[PDB]
$ cat start-v3.pdb   # PDB, C-alpha atoms
ATOM      1  CA  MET A   1     -54.173 -74.072-108.127
ATOM      2  CA  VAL A   2     -57.800 -73.097-108.724
ATOM      3  CA  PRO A   3     -60.952 -73.568-106.605
ATOM      4  CA  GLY A   4     -63.902 -75.817-107.389
ATOM      5  CA  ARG A   5     -62.351 -78.840-105.695
ATOM      6  CA  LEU A   6     -63.785 -81.078-102.974
ATOM      7  CA  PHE A   7     -63.153 -79.551 -99.549
ATOM      8  CA  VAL A   8     -64.028 -81.021 -96.150
ATOM      9  CA  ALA A   9     -65.180 -79.082 -93.090
ATOM     10  CA  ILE A  10     -62.791 -79.594 -90.176
ATOM     11  CA  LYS A  11     -64.201 -76.914 -87.875
ATOM     12  CA  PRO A  12     -67.866 -76.427 -86.884
ATOM     13  CA  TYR A  13     -69.553 -73.076 -87.502
ATOM     14  CA  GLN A  14     -72.995 -71.465 -87.666
ATOM     15  CA  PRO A  15     -74.565 -68.871 -90.002
ATOM     16  CA  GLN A  16     -74.150 -65.291 -88.786
ATOM     17  CA  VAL A  17     -74.425 -63.413 -92.080
ATOM     18  CA  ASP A  18     -76.854 -63.166 -94.997
ATOM     19  CA  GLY A  19     -75.960 -66.114 -97.208
ATOM     20  CA  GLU A  20     -73.541 -67.792 -94.812
ATOM     21  CA  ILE A  21     -74.094 -71.467 -93.999
ATOM     22  CA  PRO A  22     -73.399 -73.900 -91.129
ATOM     23  CA  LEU A  23     -70.467 -76.318 -90.988
ATOM     24  CA  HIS A  24     -69.571 -79.623 -89.329
ATOM     25  CA  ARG A  25     -66.454 -81.759 -88.884
ATOM     26  CA  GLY A  26     -66.539 -84.356 -91.646
ATOM     27  CA  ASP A  27     -68.895 -82.513 -93.983
ATOM     28  CA  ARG A  28     -67.993 -82.561 -97.678
ATOM     29  CA  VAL A  29     -68.248 -78.945 -98.831
ATOM     30  CA  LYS A  30     -68.375 -78.285-102.574
ATOM     31  CA  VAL A  31     -66.689 -74.990-103.455
ATOM     32  CA  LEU A  32     -68.174 -72.996-106.333
ATOM     33  CA  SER A  33     -66.741 -69.479-106.101
ATOM     34  CA  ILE A  34     -64.226 -67.588-103.970
ATOM     35  CA  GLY A  35     -65.585 -65.441-101.155
ATOM     36  CA  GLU A  36     -64.319 -62.222 -99.592
ATOM     37  CA  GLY A  37     -61.693 -61.977 -96.868
ATOM     38  CA  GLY A  38     -60.690 -65.610 -96.533
ATOM     39  CA  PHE A  39     -64.289 -66.598 -97.228
ATOM     40  CA  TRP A  40     -65.713 -69.113 -99.702
ATOM     41  CA  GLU A  41     -68.923 -69.858-101.600
ATOM     42  CA  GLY A  42     -70.203 -73.404-102.013
ATOM     43  CA  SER A  43     -72.582 -76.079-100.748
ATOM     44  CA  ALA A  44     -72.584 -78.176 -97.576
ATOM     45  CA  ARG A  45     -75.115 -80.427 -95.848
ATOM     46  CA  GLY A  46     -77.498 -79.673 -98.701
ATOM     47  CA  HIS A  47     -77.177 -75.924 -98.201
ATOM     48  CA  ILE A  48     -75.575 -73.460-100.615
ATOM     49  CA  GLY A  49     -74.027 -70.295 -99.215
ATOM     50  CA  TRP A  50     -70.897 -68.614 -97.880
ATOM     51  CA  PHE A  51     -68.454 -69.919 -95.273
ATOM     52  CA  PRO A  52     -64.961 -69.365 -93.810
ATOM     53  CA  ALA A  53     -62.140 -71.134 -95.648
ATOM     54  CA  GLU A  54     -60.459 -71.747 -92.291
ATOM     55  CA  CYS A  55     -63.337 -74.133 -91.594
ATOM     56  CA  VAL A  56     -62.581 -76.210 -94.690
ATOM     57  CA  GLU A  57     -59.506 -78.256 -95.590
ATOM     58  CA  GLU A  58     -58.169 -80.017 -98.686
ATOM     59  CA  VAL A  59     -58.267 -83.817 -98.844
ATOM     60  CA  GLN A  60     -55.234 -85.496 -97.282
ATOM     61  CA  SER A  61     -53.838 -88.933 -98.124
TER
END

$ encode --input "start-v3.pdb" --output "structure tokens"
Amino acid sequence: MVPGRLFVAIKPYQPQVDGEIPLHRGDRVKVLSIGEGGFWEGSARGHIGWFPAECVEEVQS
């Protein structure tokens, strides 16, 4: 399984690092590249930056 899929933010979070971005429950985050230490790099809410993978989740049917 490789990244680049459509993830959805399940846990809210705010930017606390250079590049990091905010998150909200129900926000469709678009992954672009893997981060560092369980982190991720993508776009969300019209903002491109880094964010914790624990805040995002894969689509569930």

$ resolve_selection --input "start-v3.pdb" --expression "the PyMOL selection byres ((chain A and resi 13-27) around 6)" --output "list in words"
residues 8, 9, 10, 11, 12, 28, 49, 50 and 51 of chain A

$ atom_distance --input "start-v3.pdb" --atom1 "atom CA of residue 47 of chain A" --atom2 "atom CA of residue 29 of chain A"
9.4 Å

$ closest_residue --input "start-v3.pdb" --among "A:7, A:57, A:2, A:52" --to "residue 39 of chain A" --atoms "only C-alpha atoms"
A:52

$ resolve_selection --input "start-v3.pdb" --expression "the PyMOL selection byres ((chain A and resi 5) around 12)" --output "number ranges by chain"
A: 1-4, 6-8, 28-34, 40-43, 56-59

$ decode --input "start-v3.pdb" --residues "chain A" --atoms "C-alpha atoms" --output "mmCIF file, in the first residue's frame"
data_model
loop_
_atom_site.group_PDB
_atom_site.id
_atom_site.type_symbol
_atom_site.label_atom_id
_atom_site.label_comp_id
_atom_site.auth_asym_id
_atom_site.auth_seq_id
_atom_site.Cartn_x
_atom_site.Cartn_y
_atom_site.Cartn_z
ATOM 1 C CA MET A 1 0.000 0.000 0.000
ATOM 2 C CA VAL A 2 1.349 3.397 -1.050
ATOM 3 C CA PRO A 3 0.375 6.956 -0.035
ATOM 4 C CA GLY A 4 -1.271 9.574 -2.228
ATOM 5 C CA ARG A 5 -4.785 8.408 -1.391
ATOM 6 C CA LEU A 6 -7.732 10.405 -0.049
ATOM 7 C CA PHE A 7 -7.529 10.657 3.741
ATOM 8 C CA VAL A 8 -10.027 12.292 6.099
ATOM 9 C CA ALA A 9 -9.199 14.197 9.284
ATOM 10 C CA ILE A 10 -10.840 12.573 12.305
ATOM 11 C CA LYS A 11 -9.039 14.561 15.001
ATOM 12 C CA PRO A 12 -8.695 18.367 15.211
ATOM 13 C CA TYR A 13 -5.237 19.934 15.432
ATOM 14 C CA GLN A 14 -3.454 23.271 15.042
ATOM 15 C CA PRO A 15 -0.117 24.290 13.467
ATOM 16 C CA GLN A 16 2.786 24.267 15.926
ATOM 17 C CA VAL A 17 5.703 23.781 13.535
ATOM 18 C CA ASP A 18 7.098 25.437 10.409
ATOM 19 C CA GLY A 19 5.049 23.965 7.579
ATOM 20 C CA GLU A 20 2.494 22.158 9.728
ATOM 21 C CA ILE A 21 -1.191 22.804 9.044
ATOM 22 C CA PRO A 22 -4.507 22.767 10.953
ATOM 23 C CA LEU A 23 -7.005 19.899 10.918
ATOM 24 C CA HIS A 24 -10.730 19.353 11.471
ATOM 25 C CA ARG A 25 -13.081 16.387 11.855
ATOM 26 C CA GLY A 26 -14.550 15.739 8.420
ATOM 27 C CA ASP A 27 -11.866 17.502 6.396
ATOM 28 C CA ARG A 28 -10.687 15.732 3.243
ATOM 29 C CA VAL A 29 -6.887 15.787 3.408
ATOM 30 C CA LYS A 30 -4.965 15.020 0.218
ATOM 31 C CA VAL A 31 -1.683 13.249 0.974
ATOM 32 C CA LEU A 32 1.274 14.041 -1.282
ATOM 33 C CA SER A 33 4.395 12.790 0.500
ATOM 34 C CA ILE A 34 5.267 10.911 3.687
ATOM 35 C CA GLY A 35 6.387 12.962 6.673
ATOM 36 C CA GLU A 36 8.777 12.188 9.518
ATOM 37 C CA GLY A 37 7.896 10.307 12.690
ATOM 38 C CA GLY A 38 4.316 9.328 11.952
ATOM 39 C CA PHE A 39 3.861 12.628 10.130
ATOM 40 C CA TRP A 40 2.455 13.350 6.670
ATOM 41 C CA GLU A 41 2.620 15.987 3.934
ATOM 42 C CA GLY A 42 -0.475 17.044 2.012
ATOM 43 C CA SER A 43 -3.265 19.595 1.661
ATOM 44 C CA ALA A 44 -6.327 20.314 3.798
ATOM 45 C CA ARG A 45 -8.872 23.135 3.979
ATOM 46 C CA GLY A 46 -7.027 24.773 1.099
ATOM 47 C CA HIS A 47 -3.711 24.672 2.945
ATOM 48 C CA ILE A 48 -0.670 22.592 1.999
ATOM 49 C CA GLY A 49 1.708 21.504 4.744
ATOM 50 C CA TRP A 50 2.620 18.832 7.279
ATOM 51 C CA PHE A 51 0.341 17.062 9.757
ATOM 52 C CA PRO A 52 0.130 14.041 12.097
ATOM 53 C CA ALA A 53 -1.068 10.817 10.472
ATOM 54 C CA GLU A 54 -2.911 9.985 13.694
ATOM 55 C CA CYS A 55 -5.203 12.888 12.811
ATOM 56 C CA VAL A 56 -6.122 11.357 9.453
ATOM 57 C CA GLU A 57 -7.921 8.108 8.639
ATOM 58 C CA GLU A 58 -8.582 6.020 5.529
ATOM 59 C CA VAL A 59 -12.076 5.986 4.026
ATOM 60 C CA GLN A 60 -14.382 3.383 5.565
ATOM 61 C CA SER A 61 -17.396 1.743 3.921
#
